[PDB]
Amino acid sequence: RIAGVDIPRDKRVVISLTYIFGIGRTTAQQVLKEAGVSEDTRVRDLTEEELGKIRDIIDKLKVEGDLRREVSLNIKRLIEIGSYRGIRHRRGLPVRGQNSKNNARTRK
Amino acid sequence: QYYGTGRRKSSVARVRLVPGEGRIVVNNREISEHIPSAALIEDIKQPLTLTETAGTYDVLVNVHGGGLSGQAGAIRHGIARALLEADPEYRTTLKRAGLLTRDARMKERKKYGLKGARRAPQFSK
Amino acid sequence: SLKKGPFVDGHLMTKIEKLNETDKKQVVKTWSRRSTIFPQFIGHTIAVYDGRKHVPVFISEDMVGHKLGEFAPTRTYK
Amino acid sequence: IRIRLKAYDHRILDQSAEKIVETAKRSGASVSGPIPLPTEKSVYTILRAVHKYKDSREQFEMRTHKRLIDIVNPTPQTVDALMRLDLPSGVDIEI
Amino acid sequence: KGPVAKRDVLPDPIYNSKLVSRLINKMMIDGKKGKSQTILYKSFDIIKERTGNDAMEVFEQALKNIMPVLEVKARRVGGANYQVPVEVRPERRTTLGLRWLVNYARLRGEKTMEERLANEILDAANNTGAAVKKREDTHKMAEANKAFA
Amino acid sequence: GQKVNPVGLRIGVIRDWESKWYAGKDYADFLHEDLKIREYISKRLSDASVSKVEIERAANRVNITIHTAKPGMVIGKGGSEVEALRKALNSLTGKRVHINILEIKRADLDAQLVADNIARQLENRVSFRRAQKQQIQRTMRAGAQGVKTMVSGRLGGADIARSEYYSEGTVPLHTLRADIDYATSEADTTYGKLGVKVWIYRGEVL
Amino acid sequence: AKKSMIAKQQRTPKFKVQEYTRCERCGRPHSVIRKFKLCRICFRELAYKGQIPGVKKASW
RNA sequence: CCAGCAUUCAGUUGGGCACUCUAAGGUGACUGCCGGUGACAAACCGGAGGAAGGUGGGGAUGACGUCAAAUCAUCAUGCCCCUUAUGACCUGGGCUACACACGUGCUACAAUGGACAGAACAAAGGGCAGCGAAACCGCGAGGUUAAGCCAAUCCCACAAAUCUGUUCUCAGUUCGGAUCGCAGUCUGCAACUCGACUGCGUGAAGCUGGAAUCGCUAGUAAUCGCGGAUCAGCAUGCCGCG
């Protein structure tokens, strides 16, 4: 697959492409705005000239590994420079600014 | 040419009966144009159906305020009182079928300390 | 903030321009946790007040975009 | 010509109602009726206890009702009469 | 105290009955008439079609395989857990049939309740059905506990 | 939680206001300038036994009606005492203050001054026994269809504080046609701080 | 801290955000009303002596 | 407010006090009256008329006292205690910590749903350094300038659920929306601890919850939005409204 990980062949055009890491719903709409494929066809049933225009737009964006690097780069950045928000990423506690006596069960 | 007013659940209806054929026009809109759910379409027609007044009077409607079932609910009182003006004979037939009450079930006010005007919030022990 | 520039206090901009003009020198007890970090601050060590002491911290080429309040542990835990 | 009365008490206002109307009628000013208007009112809610008892409230409501006066003709004899009007200050006449 | 009855609204646009509107008052999740009415009139159109009959004669004949004869009330003496046979009023035959309709209808599991309710009625018209045994097991509770009155 | 103060339960329906004007742009700062008036006039004229004050904001005029039951302590010469009043208040307000004084007939029927006389006798070291029953017979012989007095607190004793009735006649707190004067007044004693609740039923309206 | 807390509100603070509310009769924060500049308890006992010209009991 | 009367993109221009509505004064319901009941009394049962029938629905109103129930931290406060400090002022921190239990609240675990589009419908409250239209620009939160409004005139404010199409097809998914990254906007001296809200991404836990418990007699149960106090700023909070 273009992302290196598949889309299911029977879903619609927008939502199958949202399984691509880094690509959500509104990122899919900007691509298909440039593609112009009406967004409701079987993605088992396309042409490659149609899908070659799908490829190079994905080639233009931070999609597969690059978006996996740079946030993990930022995690490795801010922890190793102190930077208290680094410690909240570090210990297993919330980051964005919350209390602590309450639930916070996404991180312990 | 008979006239009436209609009030039910905080909304105002003005009903006047010109001699026509049964067409009901709601502030230059129609019934299905303005009110879906044909349950209420036979319900707004209920004062028209008991007395033999089927295809003989067109209705001008001034719906003001409120929501749809309260709006249409105001008309099904206002149709009656406007058609009370025609003949007071069948008033006794209508009054035994209700339809003249102006239902006093206004939405009650929220108490302080209670959520939904009768609901106590919760309880512990 | 968005477009007013990164916020500094007048005393912070004063002594660091006295620091940058000649030579890097002793640490500075700031009471301005609130202030940002400018790219001129790199290599300047300063003392941030934590609530009960001024903790000395370092500024490098990576600790640039944030404020000074990222380096003030005010709530110690175990 | 637009004159608006807005007060707190229905006893004072209705007593002060014809004080403008009938006296301006004496010089023939063609004054409209004392038209009422909806009451801009307000609700204050305050805990009845000193310290505890958030769920036991003590509501207080402030009502300011108002009635309207319009005059068609100028009639400058009434302008001297409207200037010399002497009322209890709860009504706060404004022209 | 004493007996206190409540009110009800007569008509029906289609299938001009009284008890059908009581079923419209059933499955009214959170105050939605027409959202349940959209479920209802689409169902009976299939019921008129999928079985080539008038849906009224399908409806109450299915109800007769649901409408019970005996309730069971109780009696606690120590820990004996006694039961009481109860004659079901002609009020309660109308009411408790609707509960045993709609609860098991939405619990079966298909695409929409347009399809859940429609095949449930045929499972009570042709009375081989899951909700029909709910009537039957109460008789099995009534047949054992008959001895008391 | 005990009985609601029956003045404010009757204010507006039967009993008129005291503060009377209309709110424009300054309705907070009308009150502060007027609450300083009532604290000033109760300061200097507590000895003069001034009961109640009504205030009119009268378009750069301040009209104060005064209820006392004697002018002879309050006007003095007639010109002497009232000029010291208006000179102080015009300095306190910053604008004109017009002063009029109304005498109260039957001084043993006004709740602000009937309760005040008890607190004078308590600070003069008189026990409650002779206190309340003398006060009630003043009110009953003056004409009153019901009088309820109550002094609550330490009785000059050591610790065990308690409320104490003495009342006669009809006190209809829940007939909404009342005309009931109600006021309280504190008392500074040697063994603490006595409170006095006194309210008088005068007769309802038909 | 009472009379300084009356005084600090009646001074000029370092910034206009550091204005707060205080009722000037029983001076405490936590609900001084903006319209009256009066406190939560001090609204009530002053209402029951014929004062605060508008407010009566509430029932509708 | 708009029926009749034309003019109108439009109650707009006229014009009008009908109707609606506004708010002052009456009026009406009292077991008054009919029948039956018991005693014939009170009162009960039924019927009539009537907008309304048995204290019409609701509010406000809470007897004597109970618990030495609550508040010296609203105030007042006797007594005790403090005083170059237990008083006053400033910065900054903290009241927001978190291995873990508990109440109390919302958003959900979906097909009565999700997504998009169309159509239509409220009540009450608020606005002077206060609301800010329209307009333009930003994907947007908004920015820009700015009419009008001290207000039934102008603005907040285009209500949501609803209805009708389209698409979705039963799975941890087109449900979920936390958690978290980056990019932003506002207010304010200043948003790091410690604000709200968008924009992009990320997409867990959970697929009706054990013993046990809680609310509710008719516009209530649940459900959906909106207004306001409080405030520079901030609500799943509480009032209040349909």
# chains A, B, ... in the order shown; residues from 1 in each chain; ligands from 1
>>> residues_around(residues="residue 42 (chain B)", least_positions_apart="3", cutoff="9 Å", atoms="only C-alpha atoms (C1' of nucleotides)", output="list in words")
residues 38, 39, 45 and 46 of chain B; 11, 12 and 13 of chain E
>>> write_last_selection(atoms="N, CA and C atoms", output="PDB file, in the first residue's frame")
ATOM      1  N   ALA B  38     -48.372  13.023  10.504  1.00  0.00           N
ATOM      2  CA  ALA B  38     -49.810  12.968  10.243  1.00  0.00           C
ATOM      3  C   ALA B  38     -50.706  12.445  11.368  1.00  0.00           C
ATOM      4  N   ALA B  39     -50.118  11.933  12.455  1.00  0.00           N
ATOM      5  CA  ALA B  39     -50.868  11.732  13.690  1.00  0.00           C
ATOM      6  C   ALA B  39     -51.496  13.034  14.167  1.00  0.00           C
ATOM      7  N   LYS B  45     -57.570  17.980  13.196  1.00  0.00           N
ATOM      8  CA  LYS B  45     -58.816  17.895  12.459  1.00  0.00           C
ATOM      9  C   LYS B  45     -59.970  17.412  13.333  1.00  0.00           C
ATOM     10  N   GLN B  46     -59.696  17.033  14.584  1.00  0.00           N
ATOM     11  CA  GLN B  46     -60.714  16.401  15.428  1.00  0.00           C
ATOM     12  C   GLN B  46     -61.954  17.242  15.746  1.00  0.00           C
TER      13      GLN B  46
ATOM     14  N   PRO E  11     -57.074   8.152  18.726  1.00  0.00           N
ATOM     15  CA  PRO E  11     -57.079   7.690  17.335  1.00  0.00           C
ATOM     16  C   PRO E  11     -55.736   7.121  16.892  1.00  0.00           C
ATOM     17  N   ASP E  12     -55.711   6.705  15.625  1.00  0.00           N
ATOM     18  CA  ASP E  12     -54.584   6.196  14.884  1.00  0.00           C
ATOM     19  C   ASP E  12     -54.793   6.646  13.448  1.00  0.00           C
ATOM     20  N   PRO E  13     -53.752   7.118  12.774  1.00  0.00           N
ATOM     21  CA  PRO E  13     -53.891   7.521  11.369  1.00  0.00           C
ATOM     22  C   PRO E  13     -54.118   6.322  10.474  1.00  0.00           C
TER      23      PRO E  13
END
>>> residues_around(residues="region 122-139 of chain H", least_positions_apart="2", cutoff="6 Å", atoms="only C-alpha atoms (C1' of nucleotides)", output="list in words")
residues 66 and 67 of chain B; 155, 227, 228, 241 and 242 of chain H
>>> interface_residues(of="chain G", to="chain H", cutoff="12 Å", atoms="only C-alpha atoms (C1' of nucleotides)", output="ChimeraX atom specification")
/G:1-5,7-8,13-21,23-35,38-45,56-60
>>> select_by_dssp(residues="chain D", states="alpha helix (DSSP H)", output="number ranges by chain")
D: 10-15, 17-26, 76-83
>>> write_last_selection(atoms="N, CA and C atoms", output="PDB file, in the first residue's frame")
ATOM      1  N   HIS D  10     -47.202  49.933  42.059  1.00  0.00           N
ATOM      2  CA  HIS D  10     -48.383  50.149  41.233  1.00  0.00           C
ATOM      3  C   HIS D  10     -49.317  51.177  41.855  1.00  0.00           C
ATOM      4  N   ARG D  11     -49.278  51.325  43.180  1.00  0.00           N
ATOM      5  CA  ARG D  11     -50.134  52.306  43.834  1.00  0.00           C
ATOM      6  C   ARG D  11     -49.660  53.725  43.562  1.00  0.00           C
ATOM      7  N   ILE D  12     -48.345  53.942  43.559  1.00  0.00           N
ATOM      8  CA  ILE D  12     -47.817  55.280  43.317  1.00  0.00           C
ATOM      9  C   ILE D  12     -47.957  55.649  41.847  1.00  0.00           C
ATOM     10  N   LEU D  13     -47.681  54.697  40.952  1.00  0.00           N
ATOM     11  CA  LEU D  13     -47.641  54.984  39.520  1.00  0.00           C
ATOM     12  C   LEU D  13     -49.033  55.283  38.973  1.00  0.00           C
ATOM     13  N   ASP D  14     -50.027  54.478  39.355  1.00  0.00           N
ATOM     14  CA  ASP D  14     -51.392  54.724  38.898  1.00  0.00           C
ATOM     15  C   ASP D  14     -51.971  55.987  39.514  1.00  0.00           C
ATOM     16  N   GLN D  15     -51.546  56.332  40.729  1.00  0.00           N
ATOM     17  CA  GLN D  15     -51.902  57.631  41.283  1.00  0.00           C
ATOM     18  C   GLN D  15     -51.191  58.747  40.531  1.00  0.00           C
ATOM     19  N   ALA D  17     -50.394  58.487  37.449  1.00  0.00           N
ATOM     20  CA  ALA D  17     -50.702  58.325  36.033  1.00  0.00           C
ATOM     21  C   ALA D  17     -51.485  59.516  35.496  1.00  0.00           C
ATOM     22  N   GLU D  18     -52.645  59.797  36.090  1.00  0.00           N
ATOM     23  CA  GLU D  18     -53.496  60.883  35.621  1.00  0.00           C
ATOM     24  C   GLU D  18     -52.960  62.260  35.983  1.00  0.00           C
ATOM     25  N   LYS D  19     -51.923  62.337  36.821  1.00  0.00           N
ATOM     26  CA  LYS D  19     -51.333  63.624  37.165  1.00  0.00           C
ATOM     27  C   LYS D  19     -50.682  64.270  35.949  1.00  0.00           C
ATOM     28  N   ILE D  20     -50.094  63.459  35.073  1.00  0.00           N
ATOM     29  CA  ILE D  20     -49.581  63.982  33.812  1.00  0.00           C
ATOM     30  C   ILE D  20     -50.717  64.149  32.810  1.00  0.00           C
ATOM     31  N   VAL D  21     -51.610  63.160  32.747  1.00  0.00           N
ATOM     32  CA  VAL D  21     -52.547  63.051  31.630  1.00  0.00           C
ATOM     33  C   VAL D  21     -53.631  64.119  31.717  1.00  0.00           C
ATOM     34  N   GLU D  22     -54.271  64.245  32.881  1.00  0.00           N
ATOM     35  CA  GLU D  22     -55.419  65.137  32.995  1.00  0.00           C
ATOM     36  C   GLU D  22     -54.997  66.599  32.985  1.00  0.00           C
ATOM     37  N   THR D  23     -53.821  66.902  33.536  1.00  0.00           N
ATOM     38  CA  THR D  23     -53.353  68.283  33.565  1.00  0.00           C
ATOM     39  C   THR D  23     -52.919  68.753  32.183  1.00  0.00           C
ATOM     40  N   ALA D  24     -52.293  67.870  31.403  1.00  0.00           N
ATOM     41  CA  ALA D  24     -51.962  68.217  30.026  1.00  0.00           C
ATOM     42  C   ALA D  24     -53.206  68.263  29.151  1.00  0.00           C
ATOM     43  N   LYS D  25     -54.263  67.552  29.553  1.00  0.00           N
ATOM     44  CA  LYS D  25     -55.528  67.600  28.830  1.00  0.00           C
ATOM     45  C   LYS D  25     -56.216  68.950  29.002  1.00  0.00           C
ATOM     46  N   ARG D  26     -55.902  69.670  30.086  1.00  0.00           N
ATOM     47  CA  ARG D  26     -56.542  70.951  30.366  1.00  0.00           C
ATOM     48  C   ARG D  26     -56.188  72.010  29.331  1.00  0.00           C
ATOM     49  N   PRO D  76     -47.323  74.671  23.884  1.00  0.00           N
ATOM     50  CA  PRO D  76     -46.274  75.111  24.826  1.00  0.00           C
ATOM     51  C   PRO D  76     -46.777  75.547  26.197  1.00  0.00           C
ATOM     52  N   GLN D  77     -48.089  75.715  26.385  1.00  0.00           N
ATOM     53  CA  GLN D  77     -48.624  75.882  27.729  1.00  0.00           C
ATOM     54  C   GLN D  77     -48.456  74.613  28.555  1.00  0.00           C
ATOM     55  N   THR D  78     -48.513  73.445  27.909  1.00  0.00           N
ATOM     56  CA  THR D  78     -48.280  72.193  28.621  1.00  0.00           C
ATOM     57  C   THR D  78     -46.811  72.024  28.984  1.00  0.00           C
ATOM     58  N   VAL D  79     -45.909  72.604  28.184  1.00  0.00           N
ATOM     59  CA  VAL D  79     -44.472  72.480  28.436  1.00  0.00           C
ATOM     60  C   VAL D  79     -44.101  73.171  29.742  1.00  0.00           C
ATOM     61  N   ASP D  80     -44.740  74.307  30.028  1.00  0.00           N
ATOM     62  CA  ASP D  80     -44.615  74.915  31.347  1.00  0.00           C
ATOM     63  C   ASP D  80     -45.287  74.056  32.410  1.00  0.00           C
ATOM     64  N   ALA D  81     -46.401  73.410  32.060  1.00  0.00           N
ATOM     65  CA  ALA D  81     -47.098  72.554  33.013  1.00  0.00           C
ATOM     66  C   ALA D  81     -46.352  71.249  33.253  1.00  0.00           C
ATOM     67  N   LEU D  82     -45.719  70.691  32.216  1.00  0.00           N
ATOM     68  CA  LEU D  82     -44.910  69.491  32.406  1.00  0.00           C
ATOM     69  C   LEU D  82     -43.638  69.788  33.186  1.00  0.00           C
ATOM     70  N   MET D  83     -43.128  71.017  33.088  1.00  0.00           N
ATOM     71  CA  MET D  83     -41.928  71.381  33.831  1.00  0.00           C
ATOM     72  C   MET D  83     -42.211  71.525  35.319  1.00  0.00           C
TER      73      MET D  83
END
>>> residues_around(residues="residue 33 (chain F)", least_positions_apart="5", cutoff="10 Å", atoms="only C-alpha atoms (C1' of nucleotides)", output="ChimeraX atom specification")
/F:28,38,92-94
>>> closest_atom_pairs(of="chain H", to="chain E", cutoff="9 Å", atoms="only C-alpha atoms (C1' of nucleotides)", output="Markdown table")
| residue | atom | partner | partner_atom | distance |
| --- | --- | --- | --- | --- |
| H:111 | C1' | E:112 | CA | 6.0 |
| H:112 | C1' | E:35 | CA | 6.1 |
| H:162 | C1' | E:34 | CA | 8.7 |
| H:169 | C1' | E:111 | CA | 7.7 |
| H:170 | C1' | E:111 | CA | 7.7 |
| H:222 | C1' | E:30 | CA | 5.1 |
| H:223 | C1' | E:30 | CA | 4.7 |
>>> write_last_selection(atoms="N, CA, C and O atoms (P, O5', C5', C4', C3', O3' and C1' of nucleotides)", output="PDB file, in the first residue's frame")
ATOM      1  P     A H 111     -28.091  -0.404  18.323  1.00  0.00           P
ATOM      2  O5'   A H 111     -28.420   0.429  17.009  1.00  0.00           O
ATOM      3  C5'   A H 111     -29.364   1.494  17.035  1.00  0.00           C
ATOM      4  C4'   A H 111     -29.855   1.856  15.655  1.00  0.00           C
ATOM      5  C3'   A H 111     -30.673   0.781  14.945  1.00  0.00           C
ATOM      6  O3'   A H 111     -31.670   1.402  14.141  1.00  0.00           O
ATOM      7  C1'   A H 111     -28.785   1.318  13.642  1.00  0.00           C
ATOM      8  P     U H 112     -33.215   1.306  14.559  1.00  0.00           P
ATOM      9  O5'   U H 112     -33.453   2.626  15.415  1.00  0.00           O
ATOM     10  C5'   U H 112     -33.200   3.906  14.845  1.00  0.00           C
ATOM     11  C4'   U H 112     -33.672   5.022  15.741  1.00  0.00           C
ATOM     12  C3'   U H 112     -32.658   5.488  16.780  1.00  0.00           C
ATOM     13  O3'   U H 112     -32.845   6.880  17.029  1.00  0.00           O
ATOM     14  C1'   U H 112     -34.588   4.717  17.871  1.00  0.00           C
ATOM     15  P     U H 162     -33.832  13.940  16.508  1.00  0.00           P
ATOM     16  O5'   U H 162     -35.153  14.726  16.094  1.00  0.00           O
ATOM     17  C5'   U H 162     -36.403  14.416  16.688  1.00  0.00           C
ATOM     18  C4'   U H 162     -37.487  15.318  16.164  1.00  0.00           C
ATOM     19  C3'   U H 162     -37.835  15.139  14.699  1.00  0.00           C
ATOM     20  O3'   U H 162     -38.748  14.077  14.499  1.00  0.00           O
ATOM     21  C1'   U H 162     -37.623  17.447  15.212  1.00  0.00           C
ATOM     22  P     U H 169     -21.354  -0.025   4.732  1.00  0.00           P
ATOM     23  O5'   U H 169     -21.868  -1.275   5.567  1.00  0.00           O
ATOM     24  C5'   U H 169     -21.175  -1.717   6.727  1.00  0.00           C
ATOM     25  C4'   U H 169     -22.129  -2.167   7.806  1.00  0.00           C
ATOM     26  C3'   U H 169     -22.746  -3.551   7.608  1.00  0.00           C
ATOM     27  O3'   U H 169     -22.930  -4.159   8.882  1.00  0.00           O
ATOM     28  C1'   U H 169     -24.459  -1.935   7.730  1.00  0.00           C
ATOM     29  P     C H 170     -22.683  -5.733   9.064  1.00  0.00           P
ATOM     30  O5'   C H 170     -21.498  -5.809  10.125  1.00  0.00           O
ATOM     31  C5'   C H 170     -21.080  -4.647  10.832  1.00  0.00           C
ATOM     32  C4'   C H 170     -21.246  -4.806  12.323  1.00  0.00           C
ATOM     33  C3'   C H 170     -21.768  -6.163  12.780  1.00  0.00           C
ATOM     34  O3'   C H 170     -21.189  -6.494  14.039  1.00  0.00           O
ATOM     35  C1'   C H 170     -23.280  -4.468  13.445  1.00  0.00           C
ATOM     36  P     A H 222     -35.396  12.395  35.492  1.00  0.00           P
ATOM     37  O5'   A H 222     -34.688  12.150  34.094  1.00  0.00           O
ATOM     38  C5'   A H 222     -34.140  10.885  33.783  1.00  0.00           C
ATOM     39  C4'   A H 222     -34.549  10.449  32.404  1.00  0.00           C
ATOM     40  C3'   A H 222     -33.981  11.264  31.263  1.00  0.00           C
ATOM     41  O3'   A H 222     -32.657  10.893  30.934  1.00  0.00           O
ATOM     42  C1'   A H 222     -36.287  10.959  30.923  1.00  0.00           C
ATOM     43  P     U H 223     -31.538  12.022  30.720  1.00  0.00           P
ATOM     44  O5'   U H 223     -31.857  12.610  29.275  1.00  0.00           O
ATOM     45  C5'   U H 223     -31.967  11.752  28.151  1.00  0.00           C
ATOM     46  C4'   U H 223     -32.808  12.365  27.062  1.00  0.00           C
ATOM     47  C3'   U H 223     -32.314  13.680  26.514  1.00  0.00           C
ATOM     48  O3'   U H 223     -31.288  13.496  25.566  1.00  0.00           O
ATOM     49  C1'   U H 223     -34.634  13.825  26.929  1.00  0.00           C
TER      50        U H 223
END
>>> residues_around(residues="residue 110 (chain B)", least_positions_apart="6", cutoff="10 Å", atoms="only C-alpha atoms (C1' of nucleotides)", output="MDAnalysis selection string")
(chainID B and resid 116:119) or (chainID H and resid 239:241)
>>> residues_around(residues="region 28-45 of chain D", least_positions_apart="5", cutoff="7 Å", atoms="only C-alpha atoms (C1' of nucleotides)", output="VMD selection string")
(chain D and resid 21 57 to 75) or (chain H and resid 22 to 23 152)
>>> residues_around(residues="residue 91 (chain H)", least_positions_apart="4", cutoff="10 Å", atoms="only C-alpha atoms (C1' of nucleotides)", output="MDAnalysis selection string")
chainID C and resid 31:32 49
>>> atom_distance(atom1="CA of residue 77 (chain A)", atom2="CA of residue 35 (chain C)")
21.3 Å
>>> closest_residue(among="F:200, F:41, F:9, F:73", to="chain H", atoms="only C-alpha atoms (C1' of nucleotides)")
F:9
